[PDB]
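Enquirer:
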Amino acid sequence: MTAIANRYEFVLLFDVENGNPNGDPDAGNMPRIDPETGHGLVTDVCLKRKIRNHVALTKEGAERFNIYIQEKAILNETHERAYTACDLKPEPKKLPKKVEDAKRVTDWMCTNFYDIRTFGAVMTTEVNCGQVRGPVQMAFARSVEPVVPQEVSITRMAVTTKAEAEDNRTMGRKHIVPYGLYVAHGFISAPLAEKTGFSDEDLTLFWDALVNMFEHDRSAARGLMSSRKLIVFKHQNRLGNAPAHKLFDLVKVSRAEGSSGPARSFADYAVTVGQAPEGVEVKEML
Amino acid sequence: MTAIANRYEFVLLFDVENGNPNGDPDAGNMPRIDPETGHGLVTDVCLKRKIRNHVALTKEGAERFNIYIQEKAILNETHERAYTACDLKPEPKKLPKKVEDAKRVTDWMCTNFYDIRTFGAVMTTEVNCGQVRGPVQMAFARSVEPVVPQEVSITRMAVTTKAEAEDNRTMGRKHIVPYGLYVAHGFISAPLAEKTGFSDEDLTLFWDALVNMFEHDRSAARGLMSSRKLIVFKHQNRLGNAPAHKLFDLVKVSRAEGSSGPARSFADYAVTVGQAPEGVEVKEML
Amino acid sequence: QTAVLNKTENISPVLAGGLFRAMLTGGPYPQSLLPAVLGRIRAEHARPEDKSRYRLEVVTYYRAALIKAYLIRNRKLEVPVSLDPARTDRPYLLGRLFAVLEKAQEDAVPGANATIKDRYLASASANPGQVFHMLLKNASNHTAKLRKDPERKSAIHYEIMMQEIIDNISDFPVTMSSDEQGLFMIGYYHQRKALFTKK
Amino acid sequence: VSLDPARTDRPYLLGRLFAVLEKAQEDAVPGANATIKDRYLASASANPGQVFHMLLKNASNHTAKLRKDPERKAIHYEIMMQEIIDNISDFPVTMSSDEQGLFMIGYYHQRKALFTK
Amino acid sequence: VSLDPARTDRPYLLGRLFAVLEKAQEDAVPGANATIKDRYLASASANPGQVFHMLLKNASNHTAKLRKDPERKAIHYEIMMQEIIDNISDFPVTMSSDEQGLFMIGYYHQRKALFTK
Numbered sequence: 001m002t003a004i005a006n007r008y009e010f011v012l013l014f015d016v017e018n019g020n021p022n023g024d025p026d027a028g029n030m031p032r033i034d035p036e037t038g039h040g041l042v043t044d045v046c047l048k049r050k051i052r053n054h055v056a057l058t059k060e061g062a063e064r065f066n067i068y069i070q071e072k073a074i075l076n077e078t079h080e081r082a083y084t085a086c087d088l089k090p091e092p093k094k095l096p097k098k099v100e101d102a103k104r105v106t107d108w109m110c111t112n113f114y115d116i117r118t119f120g121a122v123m124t125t126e127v128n129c130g131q132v133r134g135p136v137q138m139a140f141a142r143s144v145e146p147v148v149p150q151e152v153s154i155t156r157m158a159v160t161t162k163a164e165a166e171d172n173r174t175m176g177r178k179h180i181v182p183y184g185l186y187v188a189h190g191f192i193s194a195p196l197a198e199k200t201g202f203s204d205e206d207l208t209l210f211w212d213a214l215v216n217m218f219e220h221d222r223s224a225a226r227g228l229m230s231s232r233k234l235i236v237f238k239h240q241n242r243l244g245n246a247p248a249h250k251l252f253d254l255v256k257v258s259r260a261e262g263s264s265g266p267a268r269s270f271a272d273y274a275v276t277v278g279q280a281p282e283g284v285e286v287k288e289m290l
Numbered sequence: 001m002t003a004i005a006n007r008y009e010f011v012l013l014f015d016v017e018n019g020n021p022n023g024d025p026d027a028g029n030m031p032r033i034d035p036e037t038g039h040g041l042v043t044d045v046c047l048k049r050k051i052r053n054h055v056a057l058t059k060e061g062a063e064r065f066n067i068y069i070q071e072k073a074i075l076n077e078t079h080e081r082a083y084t085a086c087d088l089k090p091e092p093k094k095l096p097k098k099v100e101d102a103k104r105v106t107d108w109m110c111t112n113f114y115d116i117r118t119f120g121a122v123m124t125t126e127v128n129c130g131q132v133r134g135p136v137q138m139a140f141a142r143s144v145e146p147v148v149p150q151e152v153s154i155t156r157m158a159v160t161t162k163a164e165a166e171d172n173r174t175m176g177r178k179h180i181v182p183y184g185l186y187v188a189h190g191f192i193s194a195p196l197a198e199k200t201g202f203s204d205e206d207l208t209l210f211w212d213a214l215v216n217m218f219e220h221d222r223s224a225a226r227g228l229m230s231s232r233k234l235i236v237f238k239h240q241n242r243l244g245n246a247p248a249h250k251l252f253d254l255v256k257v258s259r260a261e262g263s264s265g266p267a268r269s270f271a272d273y274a275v276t277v278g279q280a281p282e283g284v285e286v287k288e289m290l
Numbered sequence: 409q410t411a412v413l414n415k416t417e418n419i420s421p422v423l424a425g426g427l428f429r430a431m432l433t434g435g436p437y438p439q440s441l442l443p444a445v446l447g448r449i450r451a452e453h454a455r456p457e458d459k460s461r462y463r464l465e466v467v468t469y470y471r472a473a474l475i476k477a478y479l480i481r482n483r484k485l486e487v488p489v490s491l492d493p494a495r496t497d498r499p500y501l502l503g504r505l506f507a508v509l510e511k512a513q514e515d516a517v518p519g520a521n522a523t524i525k526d527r528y529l530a531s532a533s534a535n536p537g538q539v540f541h542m543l544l545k546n547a548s549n550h551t552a553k554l555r556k557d558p559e560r561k563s564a565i566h567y568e569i570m571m572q573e574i575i576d577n578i579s580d581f582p583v584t585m586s587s588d589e590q591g592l593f594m595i596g597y598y599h600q601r602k603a604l605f606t607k608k
Numbered sequence: 489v490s491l492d493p494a495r496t497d498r499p500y501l502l503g504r505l506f507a508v509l510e511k512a513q514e515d516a517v518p519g520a521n522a523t524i525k526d527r528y529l530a531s532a533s534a535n536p537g538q539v540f541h542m543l544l545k546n547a548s549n550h551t552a553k554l555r556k557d558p559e560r561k564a565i566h567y568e569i570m571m572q573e574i575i576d577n578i579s580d581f582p583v584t585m586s587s588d589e590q591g592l593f594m595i596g597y598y599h600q601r602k603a604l605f606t607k
Numbered sequence: 489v490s491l492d493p494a495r496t497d498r499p500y501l502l503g504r505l506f507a508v509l510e511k512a513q514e515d516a517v518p519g520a521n522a523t524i525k526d527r528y529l530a531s532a533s534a535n536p537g538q539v540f541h542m543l544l545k546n547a548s549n550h551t552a553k554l555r556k557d558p559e560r561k564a565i566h567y568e569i570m571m572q573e574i575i576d577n578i579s580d581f582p583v584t585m586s587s588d589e590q591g592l593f594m595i596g597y598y599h600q601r602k603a604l605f606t607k
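Those protein sequences? They're chains A, B, C, D and E, same order as listed. In case it helps, the UniProt record's numbering puts the first sequence at residues 1 to 166, 171 to 290. In case it helps, the UniProt record's numbering puts the second sequence at residues 1 to 166, 171 to 290. In case it helps, the UniProt record's numbering puts the third sequence at residues 409 to 561, 563 to 608. In case it helps, the UniProt record's numbering puts the fourth sequence at residues 489 to 561, 564 to 607. In case it helps, the UniProt record's numbering puts the fifth sequence at residues 489 to 561, 564 to 607.
(1) From what residue to what residue does the beta strand (DSSP E) around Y8(B) run?
(2) Taking the alpha carbon of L228(A) as the point to measure from, which residue in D15(A), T111(A), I192(A), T2(A) has its own alpha carbon closest?
(3) Indicate whether at least one CB of chain C lies closer than 8 angstroms to the CB of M594(D).
(4) Which residue from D34(B), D44(B), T84(B) puts its Cα closest to that of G537(D)?
(5) Go ahead and label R81(B) buried or exposed: buried means 16 or more other beta carbons lie within 10 angstroms of its beta carbon, across all protein chains shown.
(6) Apply the 10 Å Cβ neighbour rule to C46(B) and answer buried if 16 or more other Cβ atoms are within range, or exposed otherwise.
(7) Using Cβ-Cβ distances below 9 angstroms, what residues of the region 1-30 of chain B are close to chain D?
(8) What are the boundary residues of the beta strand (DSSP E) that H39(B) is part of?
(9) Check the Cβ of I74(A) against every Cβ in chain B and list those closer than 8 angstroms, keeping chain order.
(10) Does the beta-carbon distance from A512(E) to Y597(E) come in below 8 angstroms?
(11) When the Cα of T125(B) is compared with those of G134(B), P92(B), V144(B), which residue comes out closest?
(12) Which whole runs of the beta strand (DSSP E) in the region 173-236 of chain A are 3 residues long or more, in chain order?
(13) With a threshold of 8 angstroms between beta carbons, is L529(E) in contact with chain D?
(14) What residue range is occupied by the uninterrupted alpha helix (DSSP H) comprising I565(C)?
(15) Would you mind reading off the limits of the beta strand (DSSP E) that contains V275(A)?
(16) Given a cut-off of 8 angstroms, decide if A274(B) and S258(B) are closer than it, judged by their beta-carbon atoms.
(17) When the Cα atoms are used, what is the spatial distance from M175(A) to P31(B)?
(18) Taking any Cβ of chain E, which residues in the region 226-244 of chain B have a Cβ under 8 angstroms from it, in chain order?
(19) Any idea if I475(C) is buried or exposed, counting beta-carbon neighbours within 10 angstroms, 16 or more meaning buried?
(20) Grouping DSSP H, G and I as helix and E and B as strand, with all else coil, what is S548(E)?
(21) With DSSP collapsed to three states, give me the class of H453(C).
(22) When the cut-off is 8 angstroms and only beta carbons count, does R117(A) lie next to chain H?
(23) Would you decide whether residue 562(C) is buried or exposed? Buried here means 16 or more other CB atoms lie within 10 Å of its CB.
(24) Okay, do the region 583-599 of chain C and the region 496-511 of chain C touch, 3+ Cβ pairs below 8 angstroms being the bar?
(25) In chain B, which residues lie with their C-beta within 8 angstroms of the C-beta of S193(A)?
(26) Taking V583(E) as the query, report the chain A residues whose CB atoms sit under 9 angstroms from its CB, ordered along the chain.
(27) Whole angstroms is fine: what's the gap from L243(A)'s alpha carbon to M217(B)'s?
(28) Please compile the residues from chain E whose C-beta is within a distance smaller than 8 angstroms of the C-beta of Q538(D).
(29) Of all the residues that make up the region 564-584 of chain D, which are near chain B by a beta-carbon distance shorter than 8 angstroms?
(30) So, at 6 angstroms on beta carbons, what are the nonlocal neighbours of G426(C) in its own chain, with the 5 sequence-adjacent residues on each side left out?
(31) Evaluate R64(A) with the Cβ neighbour count: other Cβ atoms within 10 Å of its Cβ, from every protein chain shown; 16 or more gives buried, anything less gives exposed.
(32) Which residues in chain E have a C-beta closer than 7 angstroms to the C-beta of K545(D)? List them in chain order.
(33) Which class does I524(D) belong to by DSSP, given the choice of helix, strand or coil?
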């Protein structure tokens, strides 16, 4: 699978309204935050899961686009599939003793699993199959300014289990973010793509998934949330032409002039983009 | 190959955001810290690893630029290769009993390998090959303010192994440092460089590697890291002209003016450099 | 056996006379004997290069016999001719424990060049309170490796030994005298032979 | 010599506490590949103040499973923990070598008792 | 060593307060599947300022339900809560590791007392 021949970087913006973008297991279910400053946070794992789901929906199990980490799979059984495919006999914990067999196993695995081919995986486990880094990486998403979650009480007429205080009723609670705006960064590297065979059609599909990520994820807990902007930087050669942090500085988001109160819509902010150095090209997909 | 003709010292600054710079494998995966004061730490071995990786990537196995410690190799085989190159039959534990043959075997190794020529190595194993010190070396890095690591809990859909309820799922966790700034010191000695041929072009390549170190090692756990400053002191004599600790004092870093909350960007700090003694020059290469 | 190198040329005349005199008369042994043997024990470092593939022992039969005789005669103590599981003397117990630690290590990592006996024999006998914590900490890594083995090989047995022996100790001493070091050596010697001796 | 429930030497008590926590974990998740003893034993003995606040979280996490079954074996551990912590005042930031030796001694003394009839 | 009613160390007081709150809930709703400590223990120790206010808010409901019937101590519980929160100056936004350990020590000391007598 041919490999991309350039270094890429990008930044994404998305917005939420009356919803809980990502809950925290250790704080009841409150949204994650930076305790010292009150800025919100979202783990990259959530975004990766969303992309996986969208790809699975769109390709519908076509050839060479299976998903490795599925809903309820058992991973060791998946690994054993590669061994049986190559006609090898699995060893309790070690790789095949001949390099050729190990390379064949790893190539077979990278061949037909898109998510492994994109993000990489750790598969030492018990049925050993090696490790992969994956050319695509992402960082945590941070809100542009502090947020203030609210909790709401609710009531339910029925009861779940037999009780003798009865009939009785029950009450619960939720948490909600009135409004917020988030920013995320990412990278792509050519040297690793050359190793795994990350192709350009994969890149186009990746752009498509980023654009339409949230359209299939409606749920009771999450209110309306959607993507707003997408900027891409492309380098002219196999290696970078400028430091990364200098590029991220070009994009600036500031409170719109007419906005004075707390933000409640995307119209309260203004976004601008500078001029990239000569060695990089900037194009805007949103 | 001509050796350098002056003594050097240098200082480096870098920082991290929402990542684990270097977790040490004895406290789970906590980032390494100083227990009695809370300041963070990083081992020089980590930095030298990154330099090795950058050189290997950029030169692509060019002549006189091989790297001795490659991933998952066997060193005794390399020693035997050196022995064959100089056309000697290795003894079980000893160098050749003729001085010329020992010099030849040592010089071949010191010649065709860059990292040996730069950092030195211990090679007195079964295939005896001698020792080297190397003209370059660095100390531990230390943060300027106490760090406050945070713990994060996560979830996964699938399960790994078969068992009574293995329907199932699982959970994990991570550690991250919201922000941190680090400092480092290093030295270079001409007299030792004279014994290995460490040349000026190697020095320029070393500077280039230092400035562009972090550009290639993005990964899930490392977040975003970058370099910010590079200062080099140069002596006018093959031996020094001032004590080392005096020079390091000339550079001061402190709270930026008007900044009150916990630091969250490089803009929260101010850095200044004094005036060096008469016999030393100072440059700001970054 | 006490010569600097195992050659007759280095035998001290004082010992030559004193041992013979004491043998004939039954009087006390020369007082310099115990430090003389201890120095040889603590200085020697044999290596695999010797012809016998298994590395040389330094606590040999003769030296142990000499130490036992010296302790019996001059100091008026009591020593068994073989391992006694009901002794309860701190030096003896420590000597016993060292053997099981070495046995566990050499099973965990076959063919190692540098065992704990090659790096800690002297200081451990001299200043137990300064080194033992590291040995205990490493024992964890050594044992855990066996546990995960499909057969589990040993693992339970060694831990049972370590529990039962430790139960009679209260604290690690900071320093020990010469005779205490002799007891330590005897305890080490007895325990070593107790292993290897089911079949 | 055996477990002395009245010694009140802080390293000794810490050693006992570590053993009881390990026992609780073993009960909660049988057959675990990795255990707290492998992950943390080196760190805790040297710098108690850094890790115990973490171990205690997983302690409750494990006891939650047991107390939610008809397995009543599960307030015994809570009672023991209440007894042991009752004598502590603060966690040392760092400890000397002999203190670490005493810590190990206390750990081993505690462990043996748990396996008696 | 045991519960010291005059330590005045802020993490110590916070631990005591958490213990009494959980005891109150336990009395109010017997046999609950998920208790407050299963839900909030980590955050409470790490970032007191984030959650404690709403935990205090909910407490009123538990006490109100109890004191509505011929059962009492509830006045005792609220008395403890008031006297403790009298001494606390402010909830910190974040705490260090040793402070977190002190939090747990205070929690256990407080909890042991409640089951005495």
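Note that the Cβ used here is the ideal one computed from N, Cα and C, for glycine as well.
Expert: Reading off the structure:
(1) 8-19
(2) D15(A)
(3) yes
(4) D34(B)
(5) exposed
(6) exposed
(7) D26, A27, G28, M30
(8) First-last for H39(B): undefined, no H or E at that position.
(9) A158, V159, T160, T161, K162, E166
(10) no
(11) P92(B)
(12) 174-192
(13) yes
(14) 564-575
(15) 273-276
(16) yes
(17) 42 angstroms
(18) none
(19) buried
(20) helix
(21) coil
(22) Considering every chain present, this structure includes no chain H. Its protein chains are A, B, C, D and E.
(23) There are no coordinates for residue 562(C) in this structure, because the numbering of chain C runs from 561 directly to 563.
(24) yes
(25) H220, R222
(26) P35, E36
(27) 13 angstroms
(28) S587
(29) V583, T584
(30) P438
(31) exposed
(32) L529, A530
(33) helix
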